[PDB]
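S.K.: Build me a model:
(chains A, B, C, D, E, F, G, H and I, ligands or ions: 9)
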Amino acid sequence: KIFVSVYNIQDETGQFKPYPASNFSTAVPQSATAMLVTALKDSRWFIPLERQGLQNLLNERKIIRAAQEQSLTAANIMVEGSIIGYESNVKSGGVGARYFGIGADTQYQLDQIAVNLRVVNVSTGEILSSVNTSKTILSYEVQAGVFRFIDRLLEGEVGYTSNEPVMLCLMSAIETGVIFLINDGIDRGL
Amino acid sequence: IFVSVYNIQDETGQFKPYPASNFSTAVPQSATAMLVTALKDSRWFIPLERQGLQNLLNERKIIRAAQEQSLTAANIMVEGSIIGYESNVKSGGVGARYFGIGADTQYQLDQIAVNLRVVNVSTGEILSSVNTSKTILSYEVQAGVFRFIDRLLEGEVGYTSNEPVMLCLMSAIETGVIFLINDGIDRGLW
Amino acid sequence: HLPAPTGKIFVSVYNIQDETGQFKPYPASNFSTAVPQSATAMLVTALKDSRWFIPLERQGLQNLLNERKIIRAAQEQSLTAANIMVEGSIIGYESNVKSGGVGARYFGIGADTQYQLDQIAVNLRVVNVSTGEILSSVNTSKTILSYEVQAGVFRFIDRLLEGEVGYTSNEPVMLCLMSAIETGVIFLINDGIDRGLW
Amino acid sequence: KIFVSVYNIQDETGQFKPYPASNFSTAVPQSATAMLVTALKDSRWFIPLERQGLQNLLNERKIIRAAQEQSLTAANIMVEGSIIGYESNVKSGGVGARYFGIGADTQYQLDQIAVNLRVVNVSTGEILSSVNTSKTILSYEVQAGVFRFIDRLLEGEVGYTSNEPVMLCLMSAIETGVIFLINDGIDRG
Amino acid sequence: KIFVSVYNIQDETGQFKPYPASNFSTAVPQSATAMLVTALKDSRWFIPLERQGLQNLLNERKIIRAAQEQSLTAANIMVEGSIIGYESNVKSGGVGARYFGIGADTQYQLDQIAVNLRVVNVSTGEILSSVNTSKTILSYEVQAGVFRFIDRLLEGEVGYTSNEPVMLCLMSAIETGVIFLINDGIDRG
Amino acid sequence: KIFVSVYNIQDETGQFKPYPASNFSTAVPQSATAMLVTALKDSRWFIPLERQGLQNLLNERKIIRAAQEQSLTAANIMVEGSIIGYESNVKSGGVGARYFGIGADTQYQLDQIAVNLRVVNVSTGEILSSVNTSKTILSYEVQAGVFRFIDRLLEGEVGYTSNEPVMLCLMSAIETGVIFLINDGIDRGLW
Amino acid sequence: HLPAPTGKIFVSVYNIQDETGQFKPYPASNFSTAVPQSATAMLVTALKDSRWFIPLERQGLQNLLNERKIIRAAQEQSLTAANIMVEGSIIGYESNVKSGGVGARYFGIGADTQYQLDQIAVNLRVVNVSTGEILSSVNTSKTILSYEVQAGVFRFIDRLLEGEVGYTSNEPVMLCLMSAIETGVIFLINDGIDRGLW
Amino acid sequence: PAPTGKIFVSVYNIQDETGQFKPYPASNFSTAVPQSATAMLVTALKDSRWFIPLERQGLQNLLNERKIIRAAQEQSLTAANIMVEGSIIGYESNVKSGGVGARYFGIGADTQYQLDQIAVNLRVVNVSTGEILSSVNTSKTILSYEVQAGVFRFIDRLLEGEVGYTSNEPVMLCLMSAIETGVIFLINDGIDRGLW
Amino acid sequence: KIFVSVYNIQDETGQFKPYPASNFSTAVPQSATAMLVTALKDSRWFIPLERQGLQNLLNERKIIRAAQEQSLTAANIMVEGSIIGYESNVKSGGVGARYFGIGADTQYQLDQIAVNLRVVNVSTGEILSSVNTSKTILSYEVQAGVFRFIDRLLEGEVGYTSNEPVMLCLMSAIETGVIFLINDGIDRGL
Ligand SMILES: [Hg+2]
Ligand SMILES: [Hg+2]
Ligand SMILES: [Hg+2]
Ligand SMILES: [Hg+2]
Ligand SMILES: [Hg+2]
Ligand SMILES: [Hg+2]
Ligand SMILES: [Hg+2]
Ligand SMILES: [Hg+2]
Ligand SMILES: [Hg+2]
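M.R.: Residues are numbered from 1 along each chain as shown, chains lettered A, B, ... in the order given. Ligands and ions are numbered 1, 2, ... in the order given. I have put the structure below:
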């Protein structure tokens, strides 16, 4: 098992959800340095060293130094990087048709999440490896309806919409980004 | 065991869309209450406070002064954050109208994920981490009648329900603690 | 069997901050909180009316502390502590949760009604001072009822006639909190019953 | 007469007037710890100690003291607390009817102010008492009108609208707010 | 004459102009401690002591002290307080009528300004008195016009509008409070 | 000549222009201590001591001091005060009339501005005088038009709109206050 | 009679800041000033091109002062001052002030024209360094014209015909300030001529 | 071109100097360009190896960690002889943009396109003397287009249909491309300098 | 070759794009002190001293010095100055005409950018020279269309819109600005 100290990985996309959505609400989740901290632990052997998060674990330790009137492991590597980019439509499209009296239609869009991960050495400060990874996000809407006349009248509508959970594919993106960093480490091999 | 939780912050970076005020977070910031109570009510666990600590510390200074008796710590620590939130994710609905009775039904789903990490104090290594995700159901149903006599007759009835997003977080923050202890079964640290 | 406490206990309640992170929607200004920040008043009056408890204040500490700088200076005499602490926060607020309504119209009389319910949760914690352990904590959750009722008449003569009546009531969210926090201290005291700590 | 040191009572309702009014404009005045003070002054026995406001007086004291090259009274109690809350519509309603060609109608809304005061002992710093007093605020609108045809035409409208002064409705709130605190000192004493 | 040191009186109304007017524009002038400092000056016997403003006079005095290589007058009372509250409609209304073809109508609104003024002693730091005075702000609009057909057509419009100067009424409000503060010192005396 | 130091006079009107205007744009200029300082100097006798502005003058005198390895005149009085208020419509209104087919109309509004200037003694810190002055601001719009038929058609339009320079009536106010500030001093005299 | 200067004068101008407090209206972003902040460039170029005068910098002072720190380090030589000082501000901006336009249409040819005038004001003070007294001050004010003309044709055939032409010009406000500030330096120099200070 | 050799490159920050934000509907707070430089840049130099990026993103976290190591014992840190700096110079659109379309009864069809421009400033600056060795401004372009085709027809009954496709190039990627050629060019200027 | 220390040139025009564009987006890039620096570099002889940018190199020098348990060049001049102005429409206009059934039209807007550069001596701290150079920025639109009836119907549309890349056009301005600053240094000559 190798000790990895990862402090923080910030959303650098600078991108925000469009109207009607709140202009304050980021279009990308800040869950990185959790998603990352777990995905290393799930890739075990790796033993995430916390430091999220350190000043809390530091406050606690004062108390244990106090209550008694015992050391703290470091990592010989470190991981870093950030969320690179997000946008849409990227590549997007759709079709639809209506005849008397039945209409139907379907639309879809893609998005692109990118993540930069870099394994950096602790002692020498040299960046041992860095990779940029990008996944894509699907969304689609489907509708069908009938307008028919009798004399009287008749109509009907059905629809289904699916939007891939941006949080989830970041994870996949930030997962695969872990997979890479390992390959980079194996031929080293450290 | 004695457990000290410091903070779990909303990392979702989301805010409720229009009509809602652009300042309203889409998810409640109340974790480190939800987590503190989920540990207590799942006892054995004994929360160490630390909300909040500076208050308790201010108070201990007062007692000391008028007197002119130590403070219990935790050997593990719980951390993590709210990973993500969104909607519609998967969503949809149907409806139909005949002369003159119409009726229709719609539904939305949301998701929320949380990251809960037990980390050792003494050596500061992360003992375990979990990402748990719940979903949030919303729905609306309506029925109505438009009919003529000659004069007229019409009627409408409807019911709308949104799952209490705060309470799904409770559900979500709960099921993580269960798992976190289950890893603690084979750990054991006990 | 039988329970029993002993005597009064001193409680220091510093702050309960609103964690709901919520603000009324439009037409209301985005700056108006959807929930009052008034807890640690409601909680405090709860404790003083629910005596035997002597809230130690500390709202509020600094103002008293400067005031003690004053008195001491005019003369050229100690300050009571608390044995426990109440803490915790407003867990969250929202709507519509459950909500709905009905209505119907015939010629020419129409009528309708609607209602919404809001869910508030509150978390209160009693934590010991000396050893700093949390003695107990409780999550309590109210709902908030609002409703509207309307009736009207559109009728022709030839000439015309119409009429409208309506009533709208929203339960004062402030009070639900006042009520939420009321049920929260009831509970907390019951564990102190079996405790006692008194 | 007792010396009361009254520092701050802050608006905790966190409420702001809705559209059309500016989103920065509070739904309730911030003026308490004045209204509270004028209550205490005109409610004697009491002698409000200032401390608003303090540094202004504290600075001024340096000037006198310097120009001379003589002490400052205390208060045995402290009055504190906040504005618990505000809201509307709470309860509201109204009616109206129109016949050819005279219509007439009326509406009303009720608003709610709550106030928390607390008397805390200075010497030991224990809370002596606390009071939550909530008044209500009436608003109403009255209208009458006529649309009449001749051929030629005629119409008329008269209307009157009123909202109570929430500034004032707080004054009554804070006035009875003081009453109960005096009483808890009647039985204390 | 009595020396009155007066530092600052803040607008506490928490009130802002509605739409279309800028949401950053106060509903009430920030002019106090001018309107107050001129009021006392015209109310003589009085000698307002500045302190607006003190730091400019304080910097300036370094310059006089440094140019030489002589004392500073203090006051035994102090005036304080704030602008308590503002709002409208309060009382409001209007009427109008239109016949073929002459129309006419008129409307009015009232606004409410309140002021807290306290006289406090500087030596012992006790509030000597405090007063809450209030005035109202009248606005009105009058319109009349003619729409008539001939065959061709004819129309005409006249209108007049007036809004009372909220800045003026505050002066009016901040004035009477001074009249009040004087009395309470007379029977004292 | 008298030495008069004036530090700063701020816009206290608390007012901002309505829509369409940028909500950030102050309805009244922050130009006081420019208009004021010159109204004292242009109406001389008086000798403005700067202090706008003093922080810079003091940085400069550091530079003189450094290259050499000599005093600074003061004022016996000080002027102060600020911009009291601005508003509308105050008094306002207008007329218009149209016949077939020629229309014409005119509209007018007034605004008010007040300014507070106070002469304060330096040595004792007494206020030697205080004055509130008020100007008013005129805005008017005039139009005329013709809609007439032939059968084909005809129409025409003309219009003109004047808004008095709010910046200027601040100046106009800031002078007349200084004018009055001098008069009261003639019976003081302090001059 | 007869006037005369003697030699070049050293001027330090630190800041002349926009005091207009004016912002462009809609459709502009609320954030865009209606006047450039470029004074203390405009002033300085005016003084360098209207030389004899020697702008002393001090914009800017820290960049130069941080740079002198470097040289003095790299070697291990004095700094010229100014004898006068130029100050003052941008006193204001506005519109519409005086504005207007006309137009007419007949079948089917229309035409129209509109125009606005703006007013900028600038205050420039010369204040002596050694004694701190203000030697002189000016308020200068330019105007800024904007105009628009358009003409068109709506005609029928049966088929159809129409046409549109138009031209709009808005004076470069930035420049009027440069013009406003120019006239302000000329006046000042004049009084200096009869002073002389030279 | 070539390695040798390895050169230590310590790159600190390259910040977006375009000062540009997305239009309506998208939030007025959202940048029209990534903040990802000094990631995009650091990985550029590394895949153009030989270069040995020295981190310093990022230095503070590596610094606390070194306090941890040093404390757990109660051992040096490599420097770089050159440095890269600079910024993302500018962004905009329409710049060059256009489109066409035509409809006959009852088939319509149409297409539109827009171009965007991204500029990057990279600089190689010497450490020892603190002198600029080089600076280069490289710019890419970003394509967007929309294609649609549709049918409105009558029978009596009726018929309609619509098909469409839209593509907007990833401004993230173009900047990654810009910064890439930006590095390429920077090599050549060192290729003839040389310092390498 | 003369050593030139170039620090900062800030946008003083205070301009921001109109609606629909965000109210936060400047009408002019902030990238000068790059555009100026590369100008000097390519107008060489000039040896720009960095100082963008200084503190990163300064922090870097703490590392090398300390890695060992070698001096830092000056400049005798300084380039300073600012972006004087930006605006529009300045001059703008356009025409168009339509006959049955062919229409067409064309439009144009011109923008003005101004720049102030200044050379200032270090040793005595005098401004040696200052230049104001102002370019313009061209924007034009072209449309043509056809509406014709048959019975049946026909229509067509073609268009082209170009605005000049103000970023480039700032370089154009900032370049010619160096000409005059070099030129006044010809007769200086320093
Ligand atoms: Hg995905
Ligand atoms: Hg749930
Ligand atoms: Hg309730
Ligand atoms: Hg009332
Ligand atoms: Hg009045
Ligand atoms: Hg005027
Ligand atoms: Hg001009
Ligand atoms: Hg690309
Ligand atoms: Hg250009």
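S.K.: Does residue A:168 lie in a helix or a strand, and which?
M.R.: According to DSSP states H and E, residue A:168 maps onto helix A:166-186.
S.K.: tell me what that helix is packed against?
M.R.: helix A:35-41, strand A:77-85, strand A:101-121, strand A:127-148, strand B:76-86 (3 or more CB pairs under 8 Å, 6 or more residues apart in numbering or on different chains; DSSP states H and E). (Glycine included, C-beta is placed from N, CA and C.)
S.K.: Run through the bridge partners of residue A:148.
M.R.: Applying DSSP bridges to residue A:148 yields these beta-bridge partners: residue A:154.
S.K.: And for it, the neighbour number?
M.R.: 12 (other CB atoms under 10 Å in any protein chain shown).
S.K.: how about it, what does it touch?
M.R.: A:100, A:101, A:154, A:155 (CB atoms under 8 Å, 6 or more residues apart in numbering or on different chains).
S.K.: got the contact list for the first one?
M.R.: Contacts here follow CB under 8 Å, 6+ apart; on that basis residue A:100 touches A:148, H:155, H:157, H:158, H:159.
S.K.: do you know how far it is from chain G?
M.R.: Distance, residue A:100 to chain G, by CB to the nearest CB, to the nearest Å: 35 Å.
S.K.: For the helix holding residue A:168, buried residues please.
M.R.: For helix A:166-186, a neighbour-count test (16 or more other CB atoms under 10 Å in any protein chain shown) marks A:166-171, A:173-178, A:180-181, A:184 as buried.
S.K.: For chain I, what's its nearest residue on chain A.
M.R.: residue A:125 (8.3 Å; CB to the nearest CB).
S.K.: Could you tell me which of the contacts of residue A:148 count as buried?
M.R.: Looks like the contacts of residue A:148 have residue A:155 buried, using 16+ other CB under 10 Å.
S.K.: mind exporting the helix holding residue A:168 as PDB, just the C-alpha atoms?
M.R.: What follows is helix A:166-186, C-alpha atoms only, in PDB (Å, rounded to 0.1, in the frame of the first residue of the first chain):
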ATOM      1  CA  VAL A 166     -23.300  15.200 -14.100                       C
ATOM      2  CA  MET A 167     -22.000  14.200 -10.600                       C
ATOM      3  CA  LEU A 168     -21.900  10.500 -11.700                       C
ATOM      4  CA  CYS A 169     -19.800  11.000 -14.900                       C
ATOM      5  CA  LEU A 170     -17.400  13.300 -13.100                       C
ATOM      6  CA  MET A 171     -16.900  10.200 -10.800                       C
ATOM      7  CA  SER A 172     -16.400   8.000 -13.900                       C
ATOM      8  CA  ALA A 173     -14.100  10.800 -15.300                       C
ATOM      9  CA  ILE A 174     -12.300  11.100 -12.000                       C
ATOM     10  CA  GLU A 175     -12.200   7.300 -11.800                       C
ATOM     11  CA  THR A 176     -10.600   6.700 -15.200                       C
ATOM     12  CA  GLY A 177      -8.200   9.500 -14.300                       C
ATOM     13  CA  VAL A 178      -7.100   7.300 -11.400                       C
ATOM     14  CA  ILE A 179      -6.700   4.300 -13.800                       C
ATOM     15  CA  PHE A 180      -4.300   6.400 -15.900                       C
ATOM     16  CA  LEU A 181      -2.100   7.600 -13.100                       C
ATOM     17  CA  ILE A 182      -1.500   4.000 -12.000                       C
ATOM     18  CA  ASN A 183      -0.300   3.000 -15.500                       C
ATOM     19  CA  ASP A 184       2.000   6.000 -15.400                       C
ATOM     20  CA  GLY A 185       3.300   4.700 -12.000                       C
ATOM     21  CA  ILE A 186       3.800   1.000 -13.000                       C
END
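S.K.: what angle do it and strand B:100-120 make?
M.R.: Inter-element angle recorded for helix A:166-186 and strand B:100-120: 40 degrees (by axes from the mean of the first three to the mean of the last three CA atoms, to 10 degrees).
S.K.: ok, residues contacting helix A:166-186?
M.R.: Under CB under 8 Å, 6+ apart, the answer for helix A:166-186 is A:27-29, A:31-32, A:35-36, A:39-40, A:43, A:79, A:81, A:83, A:86, A:111, A:113-115, A:117, A:119, A:128-129, A:131, A:133-137, B:83-84, B:86, B:111, B:113, B:131.
S.K.: Need the outlier residue of chain A, farthest from its centre.
M.R.: Computed with CA atoms, centre = their mean, the residue of chain A farthest from its C-alpha average is residue A:151, at 55.2 Å.
S.K.: For it, pull up the helix or strand it's in.
M.R.: For residue A:151, there is no enclosing helix or strand under DSSP H and E.
S.K.: residue in chain A nearest to ligand 9?
M.R.: Ligand 9 sits closest to residue A:14 of chain A, with a gap of 27.9 Å, by CB to the ion.
S.K.: Identify the residues contacting that residue.
M.R.: Residues in contact with residue A:14 (CB under 8 Å, 6+ apart) are H:30, H:31, H:33, H:34, H:35.
S.K.: Filtering the residues you listed by proximity to ligand 8, which remain?
M.R.: Applying CB under 5 Å from the ion, the subset of these adjacent to ligand 8 is empty.
S.K.: Tell me if I'm right that residue A:77 and residue A:3 touch.
M.R.: Yes. Shown here, residue A:77 and residue A:3 form a contact pair, counting by CB atoms under 8 Å, at 7.3 Å.
S.K.: which one of these two has more residues nearby?
M.R.: residue A:77 (20 against 16).
S.K.: Specify the beta-bridge partners of the more buried one.
M.R.: residue A:4, residue A:121.
S.K.: Drop anything exposed from the contacts of helix A:166-186.
M.R.: A:27-29, A:31-32, A:35-36, A:39-40, A:79, A:81, A:83, A:86, A:111, A:113-115, A:117, A:119, A:128-129, A:131, A:133-135, A:137, B:83-84, B:86, B:111, B:113, B:131.
S.K.: Of these, which ones also sit close to chain H?
M.R.: A:27, A:81, A:86, A:114, A:129, A:131 (CB under 8 Å from any CB of the partner chain).
S.K.: and the third one, what are its phi and psi?
M.R.: When you say that, I think you mean residue A:86. Here the main-chain torsion angles of residue A:86 (degrees, to the nearest 10) amount to phi -150, psi 150.
S.K.: Leaving out chain neighbours, which residue sits closest to residue A:137?
M.R.: The spatially closest residue to residue A:137, leaving aside those adjacent along the chain, is residue A:111, at 3.7 Å (CB to CB, 6 or more residues apart in numbering or on different chains).
S.K.: Where does chain A get nearest to ligand 3, which residue?
M.R.: residue A:22 (28.6 Å).
S.K.: And stretch A:93-109, how far out from the chain middle?
M.R.: Going by CA atoms, centre = their mean, to the nearest Å, the spacing between the C-alpha centre of stretch A:93-109 and its chain's C-alpha centre is 32 Å.
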